[PDB]
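Notes follow once the structure below has been shown.
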There are 8 protein chains.
Amino acid sequence: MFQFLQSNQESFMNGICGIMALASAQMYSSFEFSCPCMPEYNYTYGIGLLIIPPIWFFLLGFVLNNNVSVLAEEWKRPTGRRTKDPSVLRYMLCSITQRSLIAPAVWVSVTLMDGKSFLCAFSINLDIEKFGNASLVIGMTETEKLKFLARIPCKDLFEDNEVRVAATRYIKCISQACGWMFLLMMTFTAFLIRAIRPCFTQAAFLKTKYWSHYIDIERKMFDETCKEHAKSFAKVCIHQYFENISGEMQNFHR
Amino acid sequence: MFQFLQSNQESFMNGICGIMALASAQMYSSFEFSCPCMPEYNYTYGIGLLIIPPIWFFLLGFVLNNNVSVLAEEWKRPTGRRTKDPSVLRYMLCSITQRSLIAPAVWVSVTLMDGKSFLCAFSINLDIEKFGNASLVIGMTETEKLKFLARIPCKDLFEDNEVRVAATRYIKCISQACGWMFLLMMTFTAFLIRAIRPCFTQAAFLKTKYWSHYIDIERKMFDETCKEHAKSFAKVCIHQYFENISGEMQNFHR
Amino acid sequence: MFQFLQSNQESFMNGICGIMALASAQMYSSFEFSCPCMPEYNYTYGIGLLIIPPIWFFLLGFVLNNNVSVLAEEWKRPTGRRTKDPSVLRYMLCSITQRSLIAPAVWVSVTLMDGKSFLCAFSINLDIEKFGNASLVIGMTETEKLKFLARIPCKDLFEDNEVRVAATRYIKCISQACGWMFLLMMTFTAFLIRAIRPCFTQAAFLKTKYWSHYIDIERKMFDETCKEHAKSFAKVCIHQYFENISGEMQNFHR
Amino acid sequence: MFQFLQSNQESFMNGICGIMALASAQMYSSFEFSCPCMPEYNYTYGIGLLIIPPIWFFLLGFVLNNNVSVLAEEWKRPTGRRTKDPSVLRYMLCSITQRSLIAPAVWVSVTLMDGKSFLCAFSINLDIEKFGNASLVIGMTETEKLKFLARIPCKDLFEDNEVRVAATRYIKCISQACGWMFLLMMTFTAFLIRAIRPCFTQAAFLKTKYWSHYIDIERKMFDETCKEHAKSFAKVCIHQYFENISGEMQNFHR
Amino acid sequence: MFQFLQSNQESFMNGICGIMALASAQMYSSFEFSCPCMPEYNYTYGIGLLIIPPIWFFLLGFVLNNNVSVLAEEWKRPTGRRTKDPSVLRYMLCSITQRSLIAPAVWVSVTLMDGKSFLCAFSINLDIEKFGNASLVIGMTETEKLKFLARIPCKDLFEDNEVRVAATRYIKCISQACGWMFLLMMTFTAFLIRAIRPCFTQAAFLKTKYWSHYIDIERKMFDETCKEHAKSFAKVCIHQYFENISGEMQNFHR
Amino acid sequence: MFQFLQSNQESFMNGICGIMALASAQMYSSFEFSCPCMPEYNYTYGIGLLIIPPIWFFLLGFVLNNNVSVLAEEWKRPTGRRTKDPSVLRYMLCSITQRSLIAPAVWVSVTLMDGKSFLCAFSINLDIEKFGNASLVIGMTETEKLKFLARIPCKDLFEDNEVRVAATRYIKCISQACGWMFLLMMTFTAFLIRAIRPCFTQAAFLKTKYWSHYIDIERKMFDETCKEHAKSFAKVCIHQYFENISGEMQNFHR
Amino acid sequence: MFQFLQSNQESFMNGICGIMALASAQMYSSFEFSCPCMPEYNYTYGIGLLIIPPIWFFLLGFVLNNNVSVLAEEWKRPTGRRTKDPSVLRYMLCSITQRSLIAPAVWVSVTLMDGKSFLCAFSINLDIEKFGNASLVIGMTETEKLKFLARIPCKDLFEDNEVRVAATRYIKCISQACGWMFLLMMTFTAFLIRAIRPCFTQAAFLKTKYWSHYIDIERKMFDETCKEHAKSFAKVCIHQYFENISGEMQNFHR
Amino acid sequence: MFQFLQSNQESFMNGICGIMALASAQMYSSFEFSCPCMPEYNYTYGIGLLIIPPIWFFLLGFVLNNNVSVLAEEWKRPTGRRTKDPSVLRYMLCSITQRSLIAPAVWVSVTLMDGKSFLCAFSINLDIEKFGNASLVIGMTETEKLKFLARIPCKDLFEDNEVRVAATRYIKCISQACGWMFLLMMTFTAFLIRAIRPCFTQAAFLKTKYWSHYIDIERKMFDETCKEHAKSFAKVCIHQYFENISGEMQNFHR
């Protein structure tokens, strides 16, 4: 689902959040899921791939946002020295935080729709009599059937394909149900935020918008002012260089 | 069917509704249908994939529409304070709702034409003597033949390929019949709305159109006014910075 | 046959009719034909896929045409109040109807050239002694040979491949003959309409052309007039906002 | 052979004839040849695919040409009322007819070079002792060997692959010989027409060229004249609408 | 070897000759060589595909050249009436003929480098004791070994793959030798023509160049003169039409 | 993940660092990992591919940066002669160093997520009783089981596929855990640097920015000044050349 | 190696020589090498493909160069009549010859690096005891082992794959060694020509450059002068044509 | 790794060196490595492919550089006649030499990372008891085991796949270690040259830059001066030609 905003870089309302949501789901495709298939490590691997990459995509939204240093500058300065109201600083932080949650939400949704994190984390929690022969886990210890159930996420380590296919379909169904409930709760949260909060936080929104435009203007105008103060002194140095070297370029190029 | 409006971004009359209908059907292709193949869970999985993603695509149409906060602002304000007639607010809500139903309708139609939601939900409702051997479901309990019929949507869990192919073709035929009746009822509803309602709701349409143009003008004009009020104060700060630092850039760059 | 008008969006004389004929044939390719292979349902499935999608493509031509609401407005108004002659309204309706029949005609032609609708609908009408062994349908009941002949459209439900290939080639030949006779009658109808009718309905054609140009002008001029009446009042509101907030932006950004 | 004029839309001298010749040969590729492989129907199928689609491509050249209605208008009008000489009308009809024969000629040539129409139509006319065993058609009736020879165009209905390959190569050779003689006669006819006729029909060519330019000018100038007469009356209606509604937009947007 | 002048339409000195040489070799690739593999017909098929398509590509160069009608006009007119010198007419004919020989030469060269025309035409002329077993053509009649050697161009009609591969490599070697000698003689002929003839036919070259530029100027200037004489009379007719119909458009659109 | 900044060369804030991070990960894909599968060399190969290419990508960032020669010029010059403050030189070096660490960090992350460097380096550290038969490493010497465990990274040198797949999944899990902890520590380091340091090193940042703009201005202005001093002397030499040679070009070209 | 100058048509210093070197190596790829695998013909086929196509690419460089007719004109004219010095004519011929040797050198290099011409020409010169069994060529005549060794370039005519692979690798190694020595001698020749000769042939280079610019100017200025002398006389003829025909177009188009 | 500078022809600082490094690595991919697999020739083939193509890419950098003739002109001229200082000539030669070493360094690095040159050159230096059975090279002569070890680079000449895979991985590891040490030494050499030498050779750099700009200006200004001196004399010749021929074009084109 990449060609849509790729061929339409106009449907955005912020650009870096659409790129990072695209990058979050493409990084899920490129990641090679390697469940340990051991009963000690399956839970932390499967749940860690649902928890740790969203934390990293969230921090990466703060690192890539170029207003977090200016906001950290204002919060470090003492009260009275601060040129901003505390509601404008709180609104600014809330704006950065809400755009930094898109790529974590994209990761959690592709992970739950794919079903592999639940298959790795919850295959030792199965009740295997619902899936095939009952004569599988008889004759085993409690320890040995935990090792048996832990190998269900691995095709080339689990030999009974019928029990593996039935247990994989059952867990991927529950994972897709959690993925649709996650999408539905986060979109209904997005609906209440985009309907109730602009009825409540107004003119902090207008001060934060003037603050954001002032930063982009101040950065650009400082760049072209440095360039015109360079062109004054660089013209002085270049012309003074050729005062002497063209005295040599007389005999050297004529 | 994606290259048509992809190479022709002129045949639209709204852009976000054509993108979301494209995204709805592409998300159906990317979704990996995983029927549980258990008689307790097949119905809720198959009917839930026909009900829950249309609800989510409907809410996503409200979240992506940038006039729902302005409409929620007007409805929250008391009567007398409201600058709008109640017919203009009702017409505005009806406009957002009708464009938010395109991507749900695209989902329901691709789901019924594909046939997998009916195959998952209705395979325990089959009468299997119409499809193959009669000696399949003899010798089974009522419980055991419900488990037998529940595995029909799964190729690698159902062994009799002739009975599976015959039952799959029968249910996919009924699903395609419901998909064509759904398309035909929703297009005939679209015909009656686009023929009778502009004979009845006129000049609310013209007030809602002026309201929509006024919002896009007010947002843009506020953006460029913030930028020109930034350029005044940013020019002051940059010039005052180089008053002192060019006093240092004397010895530092000459 | 899609790249031709795709790379040449100049050979048209109307754009939406070329897109919908392209979309009609691409939707035939994307549709997965699933004959029930049951003698009760084969006829209605095969003939329903030849009848019902053309009705839907015809209604979709009325829904996508933006002059059907203006025409419905004029017909609803009483005689005397109507600003148009009844011949101009009849000519207008005939213009919309003739362009709405292109995508139904494209569907019927690809369906008859493919041959699957006739194979599904007419395989129980076969005389199977023309195709293979005569010892197939002996020893069967009349009911059982109807079930035998109904499975001919299904490769994985019909076991005698020689009889299936011979019966499929016979019916696809007759379907292609009906497809060429359908194309030839509809093109000869198109020839008589585009030769005799502009000798008979003239100056209703010129009034309907002025009517169509007047609609596109009135819609566009209403859009830019709403935008310039927005820019007056939006400039008032934005300037009055910064009268007070720049009084705060004194201490807040200097 | 499509990328040539596709990437060079300058080598034309008429555009619709190059597109329809491209469309004629692409429609041959998309058509799935389905010989009946029955001795009653093979001739009419094979010769019908050589005769009927050229008739349809010829009529389609008349339907797509936008001067056939203006020519039909002039021929319907009585003598004396006709503003044109009869030689200009005859030259005009000959011009449309000659461009409408390109796509029929492309169809006949790809059909004869492919060889399938001759293979279907003429396989019961074979003398099968030239191709393999002589012991094939002994022990058969005259009726049964006609059914045997009719299945030669069908790989999956004819079992002796050596006799089938030899008979297919013999008939495809004769079909390619007829295809090269057809191309050579039609190109030599094109040479005599483009060398002798502009020595004989001159200044009817110049009157027909002025007639064709006059039509394209009259259609375009009528379109922009309708648009400027629309813009007069549409400006009146829009300005009169906002006389009253801006009286409401006082309190409604200030 | 198509992308070179496809991506560089500047390396030409005439455009239609580069397109037809490209089309000649692409038509060789698209042509399905079907040797009869019969000793009566192999020679005429193999040598006919080396002779007949070059004659057709040569005539097609005369048909596509738009100066052959103007040259045929001048030659038909009597001496004294002719406005041209006979050397200018002879030079003009020689110019058209030399550009019309490029696509025949491309056909002959791809046909000889591919080797199939010599393999078909000359396989009954082989001496098969140079290629495999000597015990192949003993026990055969002179008639039967001619049928045996005629099937060498056909993989699926000749069973001894070692003798077929050895005889195919021998004949394709001789065909490639004739193809390189053909290329070398035609390029050395092209060298002598482009070196000796512009030393001999000069100022007929300059009169023929002025003649060619005069034709392209006269055709274009006649086209725009017809269009400006159309715009005079079309403006008269359109304005006179709206004199009466705007008298009706008073009540009809106000 | 290459098409994102490839189709969007605007989301950058420096260009060479985005290219080198892209080149670092593409060089990982192109590198063919060839573990020695010997217990003496596996550790240094696997850990060397995690250490040595980041050192090389770090040095390559210094070589490709065009300000390291100007900074080396300033540091070589004695104190008092230096036109820059030591804080501006330290800030400049820190700026080059931080951008030169992106491609090393990309290499370490793709190497740990792929898992092959840990599989090569740590397969002799395994405890193989956790993975398959216990009867594998009995009957072996301590030397021989080190050779046995060293061949685990090699599919075609290790025969027990079940033990190899289980040991590969265990080590790739630990490698992906180290890769996520590495990404999380380096992004949290990037967060603290981009939040705390612009609160501490300011106006060295502004002097280093003026220094960087001054270099790009001085290089460009020296280039165009050399070109205009060339055009003076080149015009002299060319005109003086044709003073004599046009005296020869009189008789030579007239 | 085609996309480089294909996407960069700026790195050239002549265009036709880069195209012909590209065409020389692409023609090597398209050529199907067909060694006769006979001891009488292998040498002349293998060495002929190394000699004859370079001669043809050399002549093709003279045919495509548009200055060889002007140079042949000057050499044909007698001494005294010649407007050029003999050193300028010799320099001009040397310039055309050196650019015409690029495509021959590209052919020889791809042919020696591929190794097939040496494999065909030199396989009867092998000493086959270095490559496999010694019992191969015992029991054979001197004539029969020449036929045995001649079939080494043919995979499907030589049965011992180990001896064939060893002999092919040995000869392709020697061919690649000759290809690298050929590249190294021709590049060192190119170095001495581009270093010593512009120290020796100067101002013949400047006269030949003025001669080449004079030809391109004289051809273009003759083309536009013919076009403006056409536009004078074509305007006369077109206006005089419509003097009479607009007398008819009075009644014919009003 | 080609699309990077292919889609970004701006990241360069010289263009021909980036193209030749791209061409060096693409020529490595296109080269078919053919180890002789003979103990006399393996070393010179494997080490020759590491030595000889870098020498050729180095000379090709001198041939393609258009300043080596101007530098050779200055060095040939006697002292006193030389218009340049000897430090400017030495700096110029060092500039050409350093850019001509990029494509040799790219070749050596891809050759060492691929590992085939070390596999060919060093497989007779192996100690084969480290890799498989010890019973391989017993029963062989010293001569015969050299022939046995020489066939390790050839898959289809070495039969023990386990010993071949183990020996190939060992040598490719050592080759990749030498490739990383080569990259690291050449990049650290590039670091010391780009840091220490612009602190030492300055104003020879500025004279060599003015020299390079003067050459590009003098070549271009000589080209346009030849063209304007052509246009003077070509206008004279063309106008004088039509003085006489338009006297003939009176009767010939009127």
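We number chain G the way Swiss-Prot does; in order, the residues shown are 7-260.
If you're wondering, the header gives electron microscopy, 2.7 Å.
Note: Cβ is positioned from N, Cα and C throughout, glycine not excepted.
There are 25 other Cβ atoms within 10 Å of the Cβ belonging to G:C41 (disulfide bond). Per Swiss-Prot, disulfide bond is recorded for G:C41-G:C126 (among others), and the stated evidence type is experimental evidence.
If you look up Swiss-Prot, you'll see G:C43-G:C160 (among others) marked as disulfide bond. The DSSP secondary structure for G:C43 (disulfide bond) is coil. The Cβ of G:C43 (disulfide bond) has 25 neighbouring Cβ atoms from other residues within 10 Å, across all protein chains displayed.
According to Swiss-Prot, the N-linked glycosylation site annotation covers G:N139. Of all Cβ atoms in the shown protein chains, 12 besides its own fall within 10 Å of the Cβ of G:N139 (N-linked glycosylation site).
When secondary structure is read from DSSP and collapsed to three states, G:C100 (S-palmitoyl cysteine) falls in the helix class. Per Swiss-Prot, S-palmitoyl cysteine is recorded for G:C100 (among others).
Annotated S-palmitoyl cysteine per Swiss-Prot: G:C205 (among others), in sequence order, evidence recorded as similarity to another entry. G:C205 (S-palmitoyl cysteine) is surrounded by 15 other CB atoms, counting those within 10 A of its CB over all protein chains shown.
Residue counts for the region 'Central pore' (G:9-36) under DSSP, helix first, then strand, then coil, are 21 helix, 0 strand, 7 coil. Taken from Swiss-Prot, the feature region 'Central pore' applies to G:9-36, supported by a curator's inference.
Distant neighbours of the region 'Phospholipid-binding' (G:62-69): 23, 26, 30, 102, 105-110, 113; these residues of the same chain sit at least 6 beyond its ends, with a Cβ under 8 Å from one of its Cβ atoms. The region 'Phospholipid-binding' annotation in Swiss-Prot covers G:62-69 (among others), and the record cites similarity to another entry as its basis.
Listed by sequence, the residues of this chain that lie at least six past the ends of the region 'Phospholipid-binding' (G:104-116) yet keep a Cβ under 8 A from its Cβ atoms are 20, 22-23, 26-27, 29-31, 33-34, 56, 59-61, 63-64, 66-68, 71, 185, 188-189, 192, 199. The region 'Phospholipid-binding' feature in Swiss-Prot is assigned to G:104-116 (among others).
The region 'Phospholipid-binding' annotation in Swiss-Prot covers G:189-199 (among others), and the record cites similarity to another entry as its basis. Residue counts for the region 'Phospholipid-binding' (G:189-199) by DSSP state, with H, G and I taken as helix and E and B as strand, are 11 helix, 0 strand, 0 coil.
Annotated topological domain 'Extracellular' per Swiss-Prot: G:37-48 (among others), in sequence order, evidence recorded as a curator's inference.
Here the topological domain 'Cytoplasmic' (G:72-98) has Cβ contacts under 8 Å with residues 207, 210-211, 213-214, 217-218, 221 of the same chain, all six or more residues outside its ends. If you look up Swiss-Prot, you'll see G:72-98 marked as topological domain 'Cytoplasmic'.
Annotated topological domain 'Extracellular' per Swiss-Prot: G:125-177 (among others), in sequence order, evidence recorded as a curator's inference.
Through the fold, the transmembrane segment (G:21-36) approaches residues 7-8, 11, 15, 59, 63, 66-67, 70-71, 105, 108-110, 112-113, 116-117, 120 of its own chain, all at least 6 residues removed from its boundaries and within a Cβ separation under 8 Å. Swiss-Prot lists G:21-36 (among others) with the feature transmembrane segment.
What Swiss-Prot records for G:49-71 (among others) is transmembrane segment, and it gives experimental evidence as the kind of evidence.
For G:99-124 (among others), the entry in Swiss-Prot reads transmembrane segment, with the evidence type experimental evidence.
Annotated transmembrane segment per Swiss-Prot: G:178-203 (among others), in sequence order.
Remark: secondary structure over the topological domain 'Extracellular' (G:125-177) totals 32 helix, 0 strand, 21 coil, with classes taken from DSSP. Mapped onto DSSP classes, the region 'Phospholipid-binding' (G:62-69) shows 8 helix, 0 strand, 0 coil. Its Cβ taken as reference, G:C126 (disulfide bond) is surrounded by 30 other Cβ atoms within 10 Å in the chains shown.
Of all the recorded positions in the list G:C41, G:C43, G:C126, G:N139, G:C160, the shortest Cα-Cα distance to G:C205 (S-palmitoyl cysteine) is found for G:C126. There are 15 other Cβ atoms within 10 Å of the Cβ belonging to G:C100 (S-palmitoyl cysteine). Residues 55, 122-123, 125-127, 129-130, 152-153, 155-160, 163 of the same chain lie 6+ residues outside the topological domain 'Extracellular' (G:37-48) yet bring a C-beta within less than 8 angstroms of a C-beta in it. Reported as a whole number, the C-alpha separation between G:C100 (S-palmitoyl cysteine) and G:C126 (disulfide bond) equals 35 Å. Its Cβ taken as reference, G:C160 (disulfide bond) is surrounded by 20 other Cβ atoms within 10 Å in the chains shown.
Rounded to a whole value, the Cα-Cα separation of G:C126 (disulfide bond) and G:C43 (disulfide bond) is 7 Å. Between G:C160 (disulfide bond) and G:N139 (N-linked glycosylation site), the C-alpha separation comes to 19 Å. By a Cβ separation below 8 angstroms, chain E lies close to none of the recorded positions G:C100, G:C126, G:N139, G:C205. Rounded to a whole value, the Cα-Cα separation of G:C41 (disulfide bond) and G:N139 (N-linked glycosylation site) is 25 Å. Applying an under-8 Å Cβ distance to chain H, the recorded positions G:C41, G:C43, G:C100, G:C160, G:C205 reduce to G:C205. Look at G:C205 (S-palmitoyl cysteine): DSSP puts it in a helix.
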